[PDB]
Amino acid sequence: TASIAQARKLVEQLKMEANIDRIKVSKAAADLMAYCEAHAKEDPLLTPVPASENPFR
Amino acid sequence: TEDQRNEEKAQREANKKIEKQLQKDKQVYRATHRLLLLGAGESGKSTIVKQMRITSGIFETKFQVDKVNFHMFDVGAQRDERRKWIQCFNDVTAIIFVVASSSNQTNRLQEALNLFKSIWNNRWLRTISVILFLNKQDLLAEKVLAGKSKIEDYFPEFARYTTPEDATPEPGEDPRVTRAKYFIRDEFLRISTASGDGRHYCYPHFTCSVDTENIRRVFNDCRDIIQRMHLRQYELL
Amino acid sequence: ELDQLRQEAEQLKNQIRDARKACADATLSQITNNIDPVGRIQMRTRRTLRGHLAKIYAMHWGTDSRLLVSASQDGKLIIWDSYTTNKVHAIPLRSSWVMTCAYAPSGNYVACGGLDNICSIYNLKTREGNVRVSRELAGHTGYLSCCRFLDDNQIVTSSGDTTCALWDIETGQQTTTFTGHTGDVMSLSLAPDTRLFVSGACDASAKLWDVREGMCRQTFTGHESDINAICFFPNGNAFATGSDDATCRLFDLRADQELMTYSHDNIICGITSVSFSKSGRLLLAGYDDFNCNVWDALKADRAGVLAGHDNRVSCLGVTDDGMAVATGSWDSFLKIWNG
Amino acid sequence: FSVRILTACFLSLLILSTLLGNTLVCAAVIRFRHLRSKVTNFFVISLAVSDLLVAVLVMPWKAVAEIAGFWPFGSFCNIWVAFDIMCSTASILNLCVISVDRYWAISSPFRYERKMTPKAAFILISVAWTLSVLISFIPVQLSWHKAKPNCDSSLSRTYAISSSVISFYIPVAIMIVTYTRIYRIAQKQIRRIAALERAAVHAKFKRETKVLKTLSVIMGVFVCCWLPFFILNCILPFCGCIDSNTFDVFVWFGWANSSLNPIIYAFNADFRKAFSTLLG
Amino acid sequence: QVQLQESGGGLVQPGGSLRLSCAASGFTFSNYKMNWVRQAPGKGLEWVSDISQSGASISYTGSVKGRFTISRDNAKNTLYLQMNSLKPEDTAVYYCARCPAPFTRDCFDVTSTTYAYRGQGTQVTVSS
């Protein structure tokens, strides 16, 4: 009776996952874009850093 | 900046001590040879490790032959899914693959052949050389002598098959038993030879898993593997 | 019994797919067309770390960004001082095969896991000054694939028996077990708020797990092949998963679907590691064809290529402050790349 | 006039090729860590350094003298002869040590891994260079080399025979025995692999040619370049009688082997990758 | 989402011809080598046959060699298995399986107790 138990667990999990609040893709994408723009100056990888501020030179 | 200089000096001293320990460990690691033992559940891998020594995920056997250190790792408490962790064993010197030949009824030999094919054809296991041990020769001899044979039904090619002349038969062994043993050996050789273009090689041995010289065979095979690697290094082979 | 449950599961899956399709009004690529592209990123190897015998499978960064932990398959766990290329600690390992290493956010403890199924936690603040095994975690039937530290008290681990477990280090017993996978969980990445974590498994699905509750809130099924690595966007609302099908996919938790696919036609090799910068604008992907690709997360183009590794890049790690990137590969070298 | 210009072009091409190949090998080993890490490569690095010494200090002065027709720096001639003997002997001894290293690795691999530390490699390289310096600087400065009664040296019979045996004949004997044993071991491995392949084909000589070709190229180039010179070197003191121009050609062939050593030893896959990276 | 669906099966007489159709969704069909695995009742999973990415290289189990034909249609995104001259031993559940990585020859976990890239399967029963 392992297969029936596994199937029941899958059905219960799908029911729990289906009944969630969802946000539209455009709003979520806008939030991620806003976060990237806000933290663009802080990132040492995105913006090149002088050697004096750089601890690896 | 006296404190900073003192901290840097302490770090350099610690690094120097760690480097000395690493050099000693490096000598031990390079001298030592890692072998991966992979075998079926019906196959007597545990019998081979028991002879080799004379809930844990992996079992390590430490043995030395001719002042050569060998660490052999046997898969224990692991899932049947093996693709992610087989990649970890590419760095070893050799993979000792043990196959049980039978002649609930399932085609275990075909599964073993597919597993050997997968190991041989794996991207990172292209470097690794497989030492092949054909377990349970006595069972094959008894089954063939009894007159009921599964391998003939499973394999159509076996029926229209001849024993190779390069093969050496034991005097006590039946010719039919030798033909079945060499046929299985040839199936593994056809997969290894066809799949692989000379980067790594397959060593086949006939064992009953109660055999004292098995360790010696492994040592000889390991020596041969390193020799072939050296031949590969200087572009001979 | 089986037929009705399978049909109901298919109907629920179809409903989830329909909801995801309805949510997808416009893609991420369409919105990000009017965005200034990053351009070529010429990172160079500021520091190279030497002293690993076998291949380096995983590495973890400290929160201070000074110290890093590298796991190797030789039986040695090494803590490295990134600025001065000095080895702060060398730890012998009881099992030679170690696939994961983690560094505590306080910095007190270091835990590594391997094929022995046992996670070993080492105390670095011992009064004698020598490394010792603070505790050993048995009880995994599968191989331990990844581990991360919530804090000194609680650790989250990834195992090869399709389970993720939360362990209380003081007791030595699992606080909770996450058992919703059908594939081997290659890695899990904690969020910065530490309330939720996402795990990637061999069933081509990434799961969002609640640490306190113990059940998976969301299931992400957008990959063709095995998910080797999972990483979090710095806000904690989205995550990116590498996979063997040569596609990195970005999944948003609120969208509950894959926002973007990072793929190239020449790149067929699998993706071992994915990491994010401090901003999240650049996604760093490790590969099997010996180079790491810097991907613009908005524009979906290869910002840069890091080619300094003789063997395949097992792990990619980015500091919390974002200053430098440490890359571990199977040629036993740790290369640090800075923008 | 045209013949002199043509000879000058050939000598200049040989010196430039020798410098470029040896410098490329040294740049590859120094700038790439994987090549430097292996203990076997240390001998190759020593051979490259010896070849560099031949290119820097030995070939240009002889080429300038031949093109000019005379040797201008008369005091420098004795020192140049000492450098020529040290460099050529160091290169030949390095080749012999490389052959011994290959035999030790192929024949007894586990023993090779345990025995041949970096320190052992350093001891072998030091012994080779020490022997070259002992048989070259000490006899030349004490005037042992020249026969008892313009840079022309007529070697005494004792020095010519002893220098040829230490320089050439003992390394050639070691290399012939070593390569013959390596060929036998390789042939046995080919027989085992071929037997398994034949069994697989039945169930359904390129490798030997490759092994023979590689060993033949190494032995043929080394013997062809240095054997006529050494045979001539031993013969010349007793007669005094072979022409000087032919001897000079033989000497140049010996130096040409030093030029050809990178192609023989540094077309390994790691070396090829390093060369492609540096040239690109 | 990677899902494989099996069409065809039921009850077949011995010697009858049965066609098994596998429908692939959620991945690129051409990149993956695909195989058929059969589980007999009260017996373990056994690999039956595989067809490569291009389809030129095909390997079979010996017991089904010369008896089963495997073909893959890249354009219709479908895997076809042809069965003729069936035997009473041949009855098993048939599962459609995909190799885990693209552009690779190895298939490590295709025959394994719980593998997530195989379909649910259809019962095939042969009745004399």
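Think of it as A, B, C, D and E in the order they're written, each chain with its own count starting at 1.
As a convention for this text, contacts are C-beta pairs under 8 Å (C-beta built on N, C-alpha and C of every residue); 3 or more make two chains touch, one makes a residue touch a chain.
Heads up on the chains, UniProt names are A = Guanine nucleotide-binding protein G(I)/G(S)/G(O) subunit gamma-2; C = Guanine nucleotide-binding protein G(I)/G(S)/G(T) subunit beta-1.
Measuring from the average of all protein CA coordinates, the nearest chain centre is that of B. For the pairs B-D and B-E, the larger set of C-beta contacts lies at B-D. Spacing of subunit A relative to subunit E, judged by their CA centroids, is 37 angstrom. Separating the centre of subunit B from that of subunit E, both taken as means of CA atoms, is a distance of 30 Å. Distance between chain centres (mean CA atoms), subunit A to subunit B: 43 Å. Chain geometry summary: the mean Cα position of subunit A and that of subunit D are 62 Å apart. Of all residues in subunit C, those touching 2 or more other chains are 6, 13, 162, 183, 202, 226, listed in ascending order.
Here subunit C touches subunit E in the complex through residues 6, 13, 17, 162, 182-183, 202-205, 221-226, 244-246, 268, 270, going by the rule given at the top. Chain contact summary for the complex, subunit C toward subunit A: residues 1-2, 5-6, 8-9, 12-13, 15-16, 19, 23-28, 31-32, 35, 38, 41, 43, 46-47, 82-83, 180, 215-219, 233-235, 237-238, 252, 254-257, 259, 277-282, 297-298, 318, 321-325, 336, 338-339. Looking at the complex, you find that subunit E touches subunit C at residues 1-2, 26-28, 31-32, 100-103, 114, 116-117, 120. Residues 40, 42-44, 46-47, 61-63, 65-66, 100, 104-115 of subunit E are the ones that touch subunit B when the two sit in their complex. Remark: subunit B residues 27, 30-31, 33, 66-68, 161-162, 164, 166-167, 182-183, 185-187, 189-190, 192-194, 198, 201-202, 204, 222-224, 226-228, 230-231, 233-237 touch subunit D in the complex.
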